[PDB]
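Peer 1: below is the sequence, then the experimental coordinates.
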Amino acid sequence: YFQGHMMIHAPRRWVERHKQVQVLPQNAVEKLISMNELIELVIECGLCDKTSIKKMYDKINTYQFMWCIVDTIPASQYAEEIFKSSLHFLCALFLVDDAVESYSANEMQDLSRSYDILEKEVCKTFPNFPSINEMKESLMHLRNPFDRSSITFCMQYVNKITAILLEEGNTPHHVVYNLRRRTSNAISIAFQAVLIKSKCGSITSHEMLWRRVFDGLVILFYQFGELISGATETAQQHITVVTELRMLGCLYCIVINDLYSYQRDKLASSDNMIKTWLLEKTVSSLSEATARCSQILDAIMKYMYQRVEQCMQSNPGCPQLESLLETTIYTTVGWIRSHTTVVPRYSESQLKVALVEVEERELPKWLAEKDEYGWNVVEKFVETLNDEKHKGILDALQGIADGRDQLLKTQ
């Protein structure tokens, strides 16, 4: 600990893959960055104009952000299309988030209601789907065109990935169905969480984790590596454990987000965890909040390592699973890289990270150096994750249920 006091830890073999550059020609970077297609897509929907998407693209640097979010280079044309649509979805999802953060309760209520009804309308036309203008028809009754455009764009992504995995014979039918349901349920649960943000609780530092995980749609970002690597079937043979690791990664990303955004001019507002701690249970602000966050992040890394290196030892002879788990690890570690270099958070008044590389001789020591508050945090997070009250949320974030979230955080 010194004045660069965001010191985290990650195994050397995990982080040596982020020291890596994208070996790829410029034909294939413009195949993947189909900027003209993004323009035509956002002006075929009612979202925004060319200037807005170009500004979002300059801000987010969505390509290098994507290379922090997938580790598998496209191996066929379908993978190229998947990466293209994922890039587009990321870029415009952030623009939708910039606007929905100041939505009244009624406006969000209508938005999430329309998503929930449209999902169930277009889930019975499977494998067929309506086009963008055909999908505006059921949303014509809305009083805000932005909600209509957002819903059409999200369901467009949801149907496009399905169309891609059914235009090839590699992924089985019935698991593509579960994948589609998983994606749309994630989006609907995000709307439900931002709608639950209309109340301020009737507080506890575990409800906080449960909400802050759902406040971001990071699961959809983890699914990019699944799709682009062709592991949809082997991730559907292991929907559990994979979903838990992705939840741990979401918690990781949101801890880092809440710590970066509390050092900005923009009011954090929301249920920023540092704010909640400093209201009650923190002495000096930044130095102690940073150490709490570092403990939580290190504990998430250790639990992820142990879980992966157990599920591989108890499921031997499954190389596809191994590569999938390594991809999830890559995407969980990539959030450090993203917050440090590729997002427009070049504050440097923000904590300067010290990413320590845990070598092999140190790995047994480091996995037994678990005597911290982050241990309790992550353990209790895993318990409330596998709580039977929250079984419906689990099954909805798996591809095996309908999305319902409002009866478990508002009650």
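Peer 2: Perfect, thanks for sending it. Numbering: from 1, shown residues only.
Peer 1: tell me which element the closest residue to residue 99 other than its chain neighbours is part of?
Peer 2: Excluding its sequence neighbours, the residue lying closest to residue 99 (Cβ to Cβ, 6 or more residues apart in numbering) is residue 146, at 6.5 Å. Heads up, the C-betas are built off the backbone N, CA and C, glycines and all. Taking DSSP states H and E as the criterion, residue 146 maps to helix 145-167.
Peer 1: elements contacting that helix?
Peer 2: Packing partners of helix 145-167 (3 or more Cβ pairs under 8 Å, 6 or more residues apart in numbering; DSSP states H and E): helix 35-44, helix 77-100, helix 105-122, helix 132-136, helix 173-196.
Peer 1: now tabulate those in CSV and tack on mean neighbour count and distance to residue 406.
Peer 2: Formatted as CSV, the helices and strands packed on helix 145-167 follow (neighbours: other Cβ atoms under 10 Å; distance: least, Cβ to Cβ, whole Å):
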stretch, mean neighbour count, distance to residue 406
helix 35-44, 15, 30
helix 77-100, 20, 17
helix 105-122, 17, 9
helix 132-136, 15, 25
helix 173-196, 21, 5
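Peer 1: would you turn those helices into a markdown table with distance to residue 390?
Peer 2: As requested, the helices and strands packed on helix 145-167 are exported to a markdown table (distance: least, Cβ to Cβ, whole Å):
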| stretch | distance to residue 390 |
| --- | --- |
| helix 35-44 | 36 |
| helix 77-100 | 24 |
| helix 105-122 | 19 |
| helix 132-136 | 32 |
| helix 173-196 | 12 |
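Peer 1: returning to what we had before: the inter-axis angle of the helix holding residue 146 versus helix 105-122?
Peer 2: 30 degrees (axes from the mean of the first three to the mean of the last three Cα atoms, to 10 degrees).
Peer 1: residue 10: which element?
Peer 2: Under the criterion of DSSP H and E, residue 10 resides in strand 6-11.
Peer 1: so which of the helices and strands packed on helix 145-167 gets nearest residue 23?
Peer 2: helix 77-100 (15.1 Å; Cβ to Cβ).
Peer 1: ok, which of the helices and strands packed on helix 145-167 comes nearest residue 51?
Peer 2: From the helices and strands packed on helix 145-167, taking Cβ to Cβ, the stretch that ends up closest is helix 35-44, at 10.2 Å.
Peer 1: who's in contact with the following helix or strand past that closest one?
Peer 2: For helix 35-44, the following helix or strand on the C-terminal side (DSSP H and E) is helix 50-60. The contact list for helix 50-60, computed with Cβ atoms under 8 Å, 6 or more residues apart in numbering, reads 35, 38-39, 42-43, 62, 90-92, 94-95, 343-344.
Peer 1: counting by contacts, list what the following helix or strand past helix 50-60 packs against.
Peer 2: Downstream of helix 50-60, the next assigned helix or strand under DSSP H and E is helix 62-67. Using 3+ Cβ pairs under 8 Å, 6+ apart as the contact test, the elements touching helix 62-67 are helix 77-100.
Peer 1: which strands and helices lie in contact with the helix it packs on?
Peer 2: Checking 3+ Cβ pairs under 8 Å, 6+ apart, helix 77-100 ends up next to helix 26-32, helix 35-44, helix 50-60, helix 62-67, helix 145-167, helix 219-228.
Peer 1: winner for burial among these?
Peer 2: helix 219-228 (a mean of 23; mean count of other Cβ atoms under 10 Å).
Peer 1: for that one, list the C-alpha coordinates in PDB.
Peer 2: C-alpha atoms of helix 219-228 as PDB (Å, rounded to 0.1, in the frame of the first residue of the first chain):
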ATOM      1  CA  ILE A 219     -23.900 -10.700 -18.400                       C
ATOM      2  CA  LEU A 220     -24.700  -9.700 -22.000                       C
ATOM      3  CA  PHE A 221     -21.000  -8.600 -22.400                       C
ATOM      4  CA  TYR A 222     -19.800 -12.000 -21.000                       C
ATOM      5  CA  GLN A 223     -22.000 -13.800 -23.600                       C
ATOM      6  CA  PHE A 224     -20.000 -12.200 -26.400                       C
ATOM      7  CA  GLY A 225     -17.000 -14.500 -25.700                       C
ATOM      8  CA  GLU A 226     -19.400 -17.500 -25.500                       C
ATOM      9  CA  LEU A 227     -21.000 -16.700 -28.900                       C
ATOM     10  CA  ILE A 228     -17.900 -15.800 -30.800                       C
END
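Peer 1: beyond it, next helix or strand please.
Peer 2: Next along the chain after helix 219-228, taking DSSP H and E as the criterion, comes helix 232-236.
Peer 1: what's next to that following helix, contact-wise?
Peer 2: 165, 171-172, 175-176, 178-179, 226, 242, 318, 320-321, 324, 399.
Peer 1: go on, stretch 252-260?
Peer 2: So stretch 252-260 is in contact with 6, 212-213, 215-216, 218, 268, 272-274, 289-290, 293, 296-297, 300-301, 332, 335-336, 339, 345, 347, 350-351, going by Cβ under 8 Å, 6+ apart.
Peer 1: give the buried residues for that stretch.
Peer 2: 252, 253, 254, 255, 256, 257, 258, 259, 260 (16 or more other Cβ atoms under 10 Å).
Peer 1: noted, bye for now.
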